[PDB]
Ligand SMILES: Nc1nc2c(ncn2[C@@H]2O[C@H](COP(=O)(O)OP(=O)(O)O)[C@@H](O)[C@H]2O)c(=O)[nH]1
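Let's start with one chain on its own, the form deposited without ligand GDP, as structure tokens.
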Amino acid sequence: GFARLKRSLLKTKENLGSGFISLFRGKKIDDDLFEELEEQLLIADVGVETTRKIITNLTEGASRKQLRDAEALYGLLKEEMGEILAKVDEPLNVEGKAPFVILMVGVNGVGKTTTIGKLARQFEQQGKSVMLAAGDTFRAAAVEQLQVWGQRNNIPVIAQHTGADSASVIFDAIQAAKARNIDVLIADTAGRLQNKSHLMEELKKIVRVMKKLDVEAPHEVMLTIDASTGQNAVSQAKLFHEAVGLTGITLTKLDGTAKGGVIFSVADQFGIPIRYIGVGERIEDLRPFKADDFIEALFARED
């Protein structure tokens, strides 16, 4: 089962899931074992707080159930780590709005830009009309790239001059989307490192301005983070959630990285739905996140 996801997760499976089997084989359950397991979770980018919760719960469960052999910790870990992910399994539903507005937030990266295009194409294949808003207004190269992409894919892109006000660009885009019967408007935003107060004040202005057109907009505030950046994904999630209020997360680049364990930290620390995971280069490899498939792929040793 799940051979494709197992292949995407191959490097992560060295240390988590099926990777636990070689760690536990032949060992007794004692303090040394739990210290080694903690180290392995941390090396896998599970994060201090999520690791501590897992260890606390596993230690108490093994003690109360009077478990003897470390091999039995595998099934308990599958339950505990599986529950972490199941709590954030909720696919994005974009139906029935005029338009449904997705505000795309996160730092600048190939992940966010690529995710906009993949989602746009998926929605079009689903029969929806899409429009993009070039809200990263001071990055002229990024605006031009989005315009080129829309022209290549015959998807309209609303943009203004370099240095335009991002809230105004996005407002104008929502107006154009409403006027033109667009089903889904995907709004890009700035994601610059320097000066946090500026970025967060900009995002708050974008959201406030939309409300004159639709009190329900933005219908989704989606963060994009890159699994290969380890704890930077978690600190980015914390920054953006504290500032705007996320309703969904896309985690990219789960394939080919040994850092896939960060999904557990993101899930546990914030409790925000993980809408999509990026597990390859094709449009269709931005997959709706299914926690059960993911845990089975991660933990199963068969192919």
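Each form is matched to the other, and the largest set of C-alpha atoms that superpose within 1.5 Å is called the rigid core. Residue numbers run from 1 along the displayed sequence.
Here the subject shifts to the form deposited with ligand GDP bound, a form of this protein not shown in this document.
Participant: Would the site accept ligand GDP without a clash, i.e. open, or is it blocked, meaning 3 or more of its atoms lie within 2.4 Å of backbone or C-beta after superposition from the pose in the deposited complex?
Facilitator: The pocket is blocked.
Participant: Taking 4.5 angstroms as the heavy atom distance cut-off, pick the stretch from 111-119, 177-185, 214-222, 95-103 that is near ligand GDP in the deposited complex.
Facilitator: So the stretch in question is 111-119.
Participant: Note which of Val88, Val107, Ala164, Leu77 lies within 4.5 Å of ligand GDP in the deposited complex, where distance is taken over heavy atoms; exactly one does.
Facilitator: Flagged contact: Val107.
Participant: Taking heavy atoms only, is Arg139 within 4.5 angstroms of ligand GDP in the deposited complex?
Facilitator: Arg139: contacts ligand GDP in the deposited complex.
Participant: Answer with yes or no whether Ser265 is in contact with ligand GDP in the deposited complex, where contact means some heavy atom within 4.5 Å.
Facilitator: Judged by the heavy-atom cut-off of 4.5 Å, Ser265 is well away from ligand GDP in the deposited complex.
Participant: I'd like to know whether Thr51 contacts ligand GDP in the deposited complex, with contact meaning heavy atoms within 4.5 angstroms.
Facilitator: Flag for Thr51 set to no.
Participant: Test of understanding: in the deposited complex, would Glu38 fall inside 4.5 Å of ligand GDP by heavy atoms?
Facilitator: No, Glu38 sits far enough from ligand GDP in the deposited complex that none of its heavy atoms falls within 4.5 Å.
Participant: Does the C-alpha of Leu193 move 2 Å or more between the shown form and the other one once the rigid core is lined up?
Facilitator: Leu193: C-alpha displaced by 2 Å or more between the shown form and the other one.
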